[PDB]
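The block underneath contains the structure these notes are about, expressed in structure tokens.
Here, each number is a calculation from the coordinates, and none is a lab measurement. Note: ideal-geometry Cβ built from the backbone for every residue, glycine included; neighbour counts use all protein chains shown.
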Amino acid sequence: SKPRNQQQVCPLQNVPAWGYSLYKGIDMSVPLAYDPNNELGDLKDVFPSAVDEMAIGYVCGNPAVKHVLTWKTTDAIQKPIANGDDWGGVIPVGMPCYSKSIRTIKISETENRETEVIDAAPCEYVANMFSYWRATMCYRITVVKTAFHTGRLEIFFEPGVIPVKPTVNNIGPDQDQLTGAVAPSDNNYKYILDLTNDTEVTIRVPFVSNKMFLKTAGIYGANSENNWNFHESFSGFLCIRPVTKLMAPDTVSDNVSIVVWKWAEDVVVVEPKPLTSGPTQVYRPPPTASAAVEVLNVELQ
Amino acid sequence: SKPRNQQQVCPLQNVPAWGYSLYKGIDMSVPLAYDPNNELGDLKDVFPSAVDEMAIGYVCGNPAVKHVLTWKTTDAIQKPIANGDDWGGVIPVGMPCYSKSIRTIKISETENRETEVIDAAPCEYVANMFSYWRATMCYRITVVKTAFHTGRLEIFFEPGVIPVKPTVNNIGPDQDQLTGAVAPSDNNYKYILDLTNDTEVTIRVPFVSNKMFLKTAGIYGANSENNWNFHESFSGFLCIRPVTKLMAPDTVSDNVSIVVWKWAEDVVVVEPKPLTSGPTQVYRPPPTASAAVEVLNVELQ
Amino acid sequence: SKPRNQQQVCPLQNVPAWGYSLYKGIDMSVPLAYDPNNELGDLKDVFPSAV
Amino acid sequence: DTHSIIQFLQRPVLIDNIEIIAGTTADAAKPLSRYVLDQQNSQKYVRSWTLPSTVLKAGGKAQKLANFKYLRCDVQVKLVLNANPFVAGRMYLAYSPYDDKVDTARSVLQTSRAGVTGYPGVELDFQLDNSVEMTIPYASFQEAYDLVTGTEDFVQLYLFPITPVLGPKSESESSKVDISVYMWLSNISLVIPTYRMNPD
Amino acid sequence: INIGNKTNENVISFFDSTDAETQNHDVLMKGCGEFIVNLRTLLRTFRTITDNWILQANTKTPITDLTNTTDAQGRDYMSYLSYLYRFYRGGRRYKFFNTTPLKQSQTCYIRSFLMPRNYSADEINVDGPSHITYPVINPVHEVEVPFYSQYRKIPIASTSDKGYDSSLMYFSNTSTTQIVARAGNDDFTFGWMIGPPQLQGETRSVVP
Amino acid sequence: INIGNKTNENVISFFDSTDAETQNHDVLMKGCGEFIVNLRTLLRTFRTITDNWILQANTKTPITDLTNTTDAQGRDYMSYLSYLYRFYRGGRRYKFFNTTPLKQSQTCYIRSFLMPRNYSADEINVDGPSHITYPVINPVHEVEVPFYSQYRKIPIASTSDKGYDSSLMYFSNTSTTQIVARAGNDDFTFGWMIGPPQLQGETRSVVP
Amino acid sequence: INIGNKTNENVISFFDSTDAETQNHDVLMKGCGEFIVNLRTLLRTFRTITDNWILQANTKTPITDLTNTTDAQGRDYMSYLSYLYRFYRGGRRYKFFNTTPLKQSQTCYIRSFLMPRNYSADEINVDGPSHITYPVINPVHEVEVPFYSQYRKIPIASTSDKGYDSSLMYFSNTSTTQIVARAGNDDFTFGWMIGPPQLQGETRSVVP
């Protein structure tokens, strides 16, 4: 109580947890410990990996199989390899996920419950957490064959909208529009895989668009009425069409499988929030094909 | 919990958003981002301009046409060029706006709704945001003619009040008071544009007044009963009168148009608030000449 | 949200306008201006007196 | 290859030829209105061009960059005047980025004469200028213009009459002026191939 | 703004002159105390856009519902100055001064989220960055929206912007009423100057 | 993640390229303002796991009651990212934003304790480290759980973890309802990357 | 340097390119360690103009006697670069490294004064600013000449400069011989770029 105050009055604001959403800063959470500086050591000896397994580039660089096509000696040339009305012959170039399956269950004899199940690859799984993306898409195309199979597969890139055939609950490619006549790949960037010289090829497609970043919505909730975010998430597509029909002695199979791996490089994401109308959610296989799944909402209170 | 407090008690005050009106300081708004130091780069490559397009001097330096007068071989000398009962022959020297148009609409057969529409030039548009101004007013007078037109136009400056003829809803010049006899421009600062030697002339009028700054109210809400703020916003006026009648062979037109551009230099504004009784508002042309416009008020709650 | 707080708890007091009667100090009044450091020049040329 | 194409895109082409008749009768000489109280009384222009598609259609330039996806460029404009010593007048050539893609009130045609004359432009006096040039910097907000989609014109060009066209009084004879509008591209950036192309 | 013609050479300035600048500064030092030189500084200063924003309880409200209107009026600096340019760029800041009477039978709180510009509250999740305040202890809710965009610049009042950049979404558990004031973040700016629109003065009913 | 095969040698990249990196950075400088590079940083950022956690008075509640569920949903970052790895390590942080109306006839307070993971409130004492807040003056209860473990790492969603590491236990003298947001402490991380699960999109009732 | 014509529009660059800049910097980081970007920096670095300047005792010597010659040779940076411009501006610095054997039977000292450019030692006083050193303890005599001028700039090697700006005057009580190195002060610079002269290579006597 010796000298009186000489300190000025300071302005206040009652804002607990100011910016708790940020990744860097000082947290005000009280540690339920003994030492104010409680702290563990490094990850050395905790995990075997010699590389940071949580780096965006490492996670998105993890390869995954998206397609396993069937190429017959019967398939016609300059025609995207048929895979039903789904993707693979035609592959949307982009980090977001483009393929989904619909799980339909009964409820009453007057209604069914359709749930979208998306088989995400590591990079597609990551892109789902952000609003926009930008990256170099990588694809590895393998032809599981024998030394007796011959023929030539063509893979070209076409920038822009993807010719599609929307469905009441999904979106697929418009193969009829991607045949050698209506869709000449003479000027397009491409690669011709010759089963006589190679079995594999890794195609890297750098980011090309009139936009700085593309949306990450992908196939989520895409159908006849809602297919715009889908187109705003890819920039183009790859097309796998035979240049030379598949040849095969009868000592071997008249088939060959085409495996397609997907992953990204030079990845950069923008915003810290899903672009979808719902929260990011992991599909969890119910015990039975009839058991119901949990449905999350975006309701506050 | 090792040693006890040795810190003095600090005086508080609950004042959130202290001085949010200031341009400089530290903002307490929580950023909805990832990085506490989120930040973009410079405007380089974002905008083509090689100059700061938001500098007060740059904006107020943008030229704009305020008048397009008609000079006939019939007009008399030493008489301000007639332009109806509006301005142009006589131009109030000042940064604020002086010309306005009244949009009248019906409502009942017992009343009409008059709305003031002011055709502001870039510098007049800026001056509207502040209370007082100070600047060098610049005017460019062009005579759209042919090589066959001859004559001499006089433009002189008169400091002080502007002879006007107030209206029930506007204010115009008193031309009869600005004729060669009652208004001799022998001692006044002036320039004589000779159509035989020049087609243009840029007249720069430095700030001259017994005040440090002038009001920015201008023509806003100026009429018979309210015309004081108008006079407190200009310091003087320019007058365009023929010294030598307009001559013109009949091979050409007996007319010549006089275009007047306006802008300011050495601009400085005081206060950060309109001097008008209402908020600054942009006139937005309704779809129809009968459609009503939005009227803003100054009511708090 | 990287490291946790290491700052001690500070004692408070709700005393707005502490010592507003004094001639010297720091005023907490919010300036209704543009610049946080708004300021005029000296009295030179404002008043004739040389004292 | 691409270079020869870019060179061809920089070739000036007569985009239009406007004839101004001193007879001040049609909305041909309608001079900028001092005000604009409603949208029914928008600003009248002598001619307008939606760029860059307008120039990509002349001189056979569109067929030059066929099978290309993105374009980036500045539009070059030049007006060659051909008037007789008896017709006087002055006009204003200005441009407005996305003038038709923004709130109506923010359009150049929905503002005063003072406003319109405030846009980026150049003056043209019949008895002083023999020609006037102007450059329109890439005004798109996108990284590039989609050549195949062709629905992304990012800038509108306008030719407004500041003053009425003054000619000699007569009904038996008309005084003419006329003009030649040339356009071409500069700062061209052409990239990425595609099998699709803007139908046109 | 002229881009083609050669500036006029016949210029005359009345009065023996000075350093119009020296005199100007002399004046601000005696009757102002500050020197406003760049209009961008007015995009940092906060100004009210509505002295009363009424909202219902549990309603996720995008500020575009308020913004679309206020952007056209031209009352505040962001709106008023936007009419002189064609493009904008950078984040935005908002301050909501609560004016809602507080019932002790409740615990009123304010939540703010991000959401693609021009999206509707029903087509976006409630995750990502967020801020929350309690009007009972903190009447002012201050939040900033970063510039997360697919383009380096956006057209002011564009008619095609559909989720190109980020926007703000407001929410409260109780029915609120607040004074809203905005400004741009430390990166917000306008670009590509154009011609100004027309200004609206007083309006009144008369005879006839 | 391949661990045996020799990387493919036949690689082709379309387009004459660049420093895809230089261009990337150029883009974030014009349309982002930040550079997210490591997903672990998202284990520091807080995200809500429930906009409403209802609890009764005087009930010692282990957060596993809430955590077990939210960990499976994959809504927040901790849950979503956990599906890409097999092990976790480090402490955890929680923030409880009170939304419970406050009666003056009461003095509501929040207490948080430690307790072996997967233990029930009735088989643990109420001693050891602790934190307490009063929602009336402090709506946010922020607490951190150190990594006190018998092992250097634990399997994510393990079925055998019975008190191997520490967990949090919640308590309040009044019936509460709060918004719960979590994150890991400055040491929390996942390890041993594996394959991702399947994502769930929209659900709806239809014909038939 | 072109000032009238419109730059050529028909430009073609061979090779798919890069950031010729990124690669350049990459190279300096591996084979240089510094990045010379402005030639004015070479007007700060000192360079010898004569490895031997012989002078007699008690002789007030204006450095123009040495400078006039060295300025034409183009050996050092000040001389070499001066040929690319027409005007100069700012002060100058000189360093004299003594190489004169020192006799103990003497006390050698060096004095430097100011004097109007192109004046002779016999038409100027020995007052004003001055510096003095003793080679026996300090072999280097470092002195700077401020830019005291009647004009804002002077023509390089002008034929009319007669005392327009200041210059240096050297003096020693003993006969000296030193290595002279010069440079401009922190304000020295050239201006108004022009065309370069011709360079002189090797010279030799031959047949015929």
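Have a look at A:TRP87, A:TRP18 and point out the one that is more than 30 Å from B:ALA33 (Cα to Cα) and either buried (at least 21 other Cβ atoms within 10 Å of the Cβ) or in contact with a strand residue (DSSP E or B) (Cβ under 9 Å, 6 or more places away or on another chain) (or both).
On the way: A:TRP18 fails: more than 30 Å from B:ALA33 (Cα to Cα).
Answer to the check: A:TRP87.
Scanning the stretch B:120-129 for residues that are crowded, with 24+ Cβ neighbours inside 10 Å, touching a residue at least 40 places away in the same chain (Cβ under 8 Å) and hydrophobic (A, V, I, L, M, F, W, C) yields a total of 4.
Looking at the stretch A:118-147, which of its residues are part of a loop (DSSP other than H, G, I, E, B) and either within 21 Å of A:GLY278 (Cβ to Cβ) or facing chain F (nearest Cβ under 10 Å) (or both)? Let's see the steps before the verdict.
Within the stretch A:118-147, the first condition is being part of a loop (DSSP other than H, G, I, E, B), and the residues that meet it are A:119-121, A:128-131, A:145-147.
A:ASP119, A:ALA120, A:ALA121, A:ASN128, A:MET129, A:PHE130, A:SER131, listed by residue number.
Pairs please, first residue from the stretch C:12-35 and away from chain A (no Cβ under 11 Å), second anywhere and of a type in the set (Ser, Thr, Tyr) and surrounded by 12 or more Cβ atoms within 10 Å (Cβ to Cβ), Cβ atoms under 6 Å, 6+ apart in sequence or on different chains. Qualifying pairs under 6 Å: C:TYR34/B:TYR23. None of A:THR115, A:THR150 is within 11 Å of chain F (Cβ to nearest Cβ), surrounded by fewer than 22 Cβ atoms within 10 Å (Cβ to Cβ), over 18 Å from A:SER235 (Cα atoms) and not acidic (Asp, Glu) except A:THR115. Of the set (1) at the interface with chain E (Cβ under 9 Å from one of its Cβ atoms); (2) in contact with a helix residue (DSSP H, G or I) (Cβ under 8 Å, 6 or more places away or on another chain), all apply to B:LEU275 but (1).
Go through the stretch F:54-72 and give me each residue that's over 15 Å from F:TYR109 (Cα atoms) and out of contact with any strand residue (DSSP E or B) (no Cβ under 7 Å at 6 or more places or on another chain). Across the stretch F:54-72, the qualifying residues are F:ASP65, F:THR67, F:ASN68, F:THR69, F:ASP71, F:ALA72. Scan the stretch E:1-54 for residues that are among the aliphatic types (A, V, I, L, M) and within 14 Å of chain D (Cβ to nearest Cβ) and the total you get is 2. Would you pick out the residues in the stretch A:130-146 that are crowded, with 19+ Cβ neighbours inside 10 Å and over 14 Å from the mean Cα position of the chain (by Cα)? Passing the criteria: A:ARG140, A:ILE141, A:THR142, A:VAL143, A:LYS145.
Scanning the stretch F:16-46 for residues that are among the polar types (S, T, N, Q), assigned to a loop (DSSP other than H, G, I, E, B) and touching a strand residue (DSSP E or B) at 6+ places or on another chain (Cβ under 7 Å) yields one hit, F:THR45.
Can we say A:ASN210 is more than 10 Å from chain F (Cβ to nearest Cβ), without any contact (Cβ under 8 Å) to a residue 40 or more places away in the chain and crowded, with 19+ Cβ neighbours inside 10 Å? Yes: the conditions hold for A:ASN210. Scanning the stretch D:12-62 for residues that are polar (S, T, N, Q), assigned to a loop (DSSP other than H, G, I, E, B) and within 24 Å of D:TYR98 (Cα to Cα) returns D:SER33, D:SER42, D:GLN43.
Looking at (1) over 27 Å from E:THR174 (Cβ atoms); (2) touching a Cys at 6+ places or on another chain (Cβ under 6 Å), which is the only condition F:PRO135 fails? Looking at each condition in turn, F:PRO135 falls short on (1). Would you check which residues across the stretch D:63-105 are part of a strand (DSSP E or B) and either touching a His at 6+ places or on another chain (Cβ under 6 Å) or without any contact (Cβ under 8 Å) to a residue 40 or more places away in the chain (or both) and list them? Once the filter is applied, which keeps residues that are part of a strand (DSSP E or B) and either touching a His at 6+ places or on another chain (Cβ under 6 Å) or without any contact (Cβ under 8 Å) to a residue 40 or more places away in the chain (or both), the stretch D:63-105 yields only D:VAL102. Look at D:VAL87 and say whether it is crowded, with 18+ Cβ neighbours inside 10 Å, farther than 30 Å from A:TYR189 by Cβ, hydrophobic (A, V, I, L, M, F, W, C) and facing chain B (nearest Cβ under 9 Å). Against the criterion (crowded, with 18+ Cβ neighbours inside 10 Å, farther than 30 Å from A:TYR189 by Cβ, hydrophobic (A, V, I, L, M, F, W, C) and facing chain B (nearest Cβ under 9 Å)), D:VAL87 qualifies. Output the residue which, of all residues in the stretch G:112-130 that are more than 20 Å from the chain's Cα centre (by Cα) and not small (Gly, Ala, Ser), is surrounded by the most Cβ atoms within 10 Å (Cβ to Cβ). Looking at the filtered set, the residue picked out is G:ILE124.
For the stretch D:154-187, a residue qualifies if it is closer than 29 Å to A:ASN187 by Cβ and surrounded by fewer than 20 Cβ atoms within 10 Å (Cβ to Cβ), and the qualifying residues are D:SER186, D:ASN187.
Out of all the residues in the stretch B:224-232, is one or more farther than 23 Å from B:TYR139 by Cα and within 11 Å of chain E (Cβ to nearest Cβ)? Checked against the condition, which is being farther than 23 Å from B:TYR139 by Cα and within 11 Å of chain E (Cβ to nearest Cβ), the stretch B:224-232 yields at least one hit.
Scanning the stretch F:81-127 for residues that are assigned to a loop (DSSP other than H, G, I, E, B), of a type in the set (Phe, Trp, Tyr) and within 11 Å of chain A (Cβ to nearest Cβ) yields a total of 2. With the requirement that a residue be of a type in the set (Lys, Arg) and buried (at least 18 other Cβ atoms within 10 Å of the Cβ), what does the stretch D:28-42 give you? Selection gives nothing. Scanning the stretch F:164-198 for residues that are within 7 Å of chain A (Cβ to nearest Cβ) and in contact (Cβ under 8 Å) with a residue 40 or more places away in the chain yields F:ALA181, F:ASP187, F:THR189, F:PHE190, F:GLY191, F:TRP192, F:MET193, F:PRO196, F:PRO197. Once the stretch E:136-163 is narrowed to residues that are surrounded by fewer than 24 Cβ atoms within 10 Å (Cβ to Cβ) and more than 7 Å from every other protein chain (Cβ to nearest Cβ), the residue that is farthest from A:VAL295 (Cα to Cα) is E:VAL136.
Screening B:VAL252 with (1) away from chain E (no Cβ under 14 Å); (2) in contact with a helix residue (DSSP H, G or I) (Cβ under 9 Å, 6 or more places away or on another chain) gives one miss only, at (2).
If you take the residues in the stretch B:52-105 that are of a type in the set (S, T, N, Q) and without any contact (Cβ under 8 Å) to a residue 24 or more places away in the chain, which one is nearest to D:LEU166 (Cα to Cα)?
Going through the stretch B:52-105, the residues of a type in the set (S, T, N, Q) turn out to be B:62, B:70, B:73-74, B:78, B:83, B:99, B:101, B:104.
From what's left, without any contact (Cβ under 8 Å) to a residue 24 or more places away in the chain: B:83, B:101, B:104.
Details: B:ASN83: 18, B:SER101: 27, B:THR104: 32 Å.
In this case the residue turns out to be B:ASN83.
Scanning the stretch D:129-144 for residues that are facing another protein chain (nearest Cβ under 7 Å) and assigned to a loop (DSSP other than H, G, I, E, B) returns D:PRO137, D:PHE141, D:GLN142, D:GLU143, D:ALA144.
The set of residues in the stretch A:52-84 being more than 10 Å from chain F (Cβ to nearest Cβ) and among the aliphatic types (A, V, I, L, M) consists of A:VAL65, A:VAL68, A:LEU69, A:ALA76, A:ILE77, A:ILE81, A:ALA82.
Among the residues of this structure, A:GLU299 does not count as one that is in contact with a helix residue (DSSP H, G or I) (Cβ under 9 Å, 6 or more places away or on another chain), under 30 Å from F:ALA181 (Cβ atoms), assigned to a loop (DSSP other than H, G, I, E, B) and of a type in the set (D, E, K, R).
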